[PDB]
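Take a look at this one chain, the form deposited in one PDB entry, written out in structure tokens.
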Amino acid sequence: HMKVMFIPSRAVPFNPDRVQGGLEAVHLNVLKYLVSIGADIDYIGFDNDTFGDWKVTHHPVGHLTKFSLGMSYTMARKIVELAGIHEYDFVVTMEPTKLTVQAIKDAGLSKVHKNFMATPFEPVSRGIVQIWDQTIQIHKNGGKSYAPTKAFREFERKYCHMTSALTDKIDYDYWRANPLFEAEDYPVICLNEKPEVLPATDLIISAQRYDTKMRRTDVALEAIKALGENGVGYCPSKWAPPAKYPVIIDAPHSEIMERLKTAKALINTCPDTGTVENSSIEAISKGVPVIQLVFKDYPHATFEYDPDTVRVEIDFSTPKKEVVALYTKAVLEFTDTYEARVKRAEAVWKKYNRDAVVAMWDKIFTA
């Protein structure tokens, strides 16, 4: 019934069986929903996309390895073409280029533009500055952007005061006076049936990319080593750790989730950029607590999913030597009741049950 134009993320071709974090998770979740309600989707994507049995009218702009200029102009041209022959209820985007945003405007779709975000603002990165520059442009044009969490919305009010040598073009006057995200909640997960919380083993799991700068996974896997038999780490091969930390590489996501059901806790060591944190909600939805490394006075999505989360508190000056010891101490000394597992699973059930999720989507997809 809904007619929708869909402009995807541009890092990798779409695959429904991919499970990772970042923008790809948002991309998948929005698309999956639209397919579930039988939307007529004009998907301006890449020749190497796959959709399985999903009904999608595909408009390829080229084979994707690295997104190119030619591809972008093909995409922009296609936007305008399609908008001429079809009446779209909405156009969906995933952190689009300047050219896409301009094309949406010229096509007359700016006021039905629904944009979704995941990448934190990082002034040092030319590419990310462009992303947020266009988030500002979308707001000026009268489109709407949506954040997965309240944490991300709080971070956005910090982002407007962050500058660098690369941010001279950014309209900070406009940004500071206009919160770029809409107030409405976004369904980061969808629970169709009320979860059956299983009792804990002693096993604690880290389901994180090996990334010392962003996620401080070295700290995580140092705690894993200290746990011995009661500790396991999962890493993708694309973000594998050094040999000194044995982990399970590229495990089927389903098997990780199945194992997580009976875990005592989840290790999460991303302190400063906890904007979405999918592995946290993956755990808490099953009743599993997160042992969260975090900066003092920083927002974090984990505390949103479970207010009672255990905090291992640091700041940017805390030496690695201390951080490891302090975090390892929290992990080895971790206790948690079965009732607390039921409680935290219930809170997430109350928020992200199917009926609540559809209501959330409805508010997003309103003209």
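We number the residues from 1 along the sequence you see.
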| query | finding |
| --- | --- |
| Of 235-243 and 166-174, the one with larger mean CA B-factor | 166-174 |
| Average Cα temperature factor in the PDB entry - higher stretch of 120-128, 271-279 | 120-128 |
| Selection from 43, 334, 33, 46 [criterion: highest C-alpha temperature factor in the record] | 334 |
| Entry-reported Cα temperature factor of residue 113, expressed as the chain third it lands in | lowest |
| Cα B factor band for residue 146 (lowest, middle or highest third within the chain) | lowest |
| Chain third (lowest, middle, highest) by recorded CA B-factor, residue given as residue 196 | highest |
| Residue 179 by Cα B-factor - lowest, middle or highest third of the modelled chain | highest |
| Chain thirds of CA B-factor: placement of residue 156 | middle |
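As for the form deposited in another entry, it is not shown, yet the points below apply to it.
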{"query": "Shift in CA distance, residue 128 and residue 214, in that other deposited form relative to the form shown here, given it is 3 Å or more", "finding": "closer"}
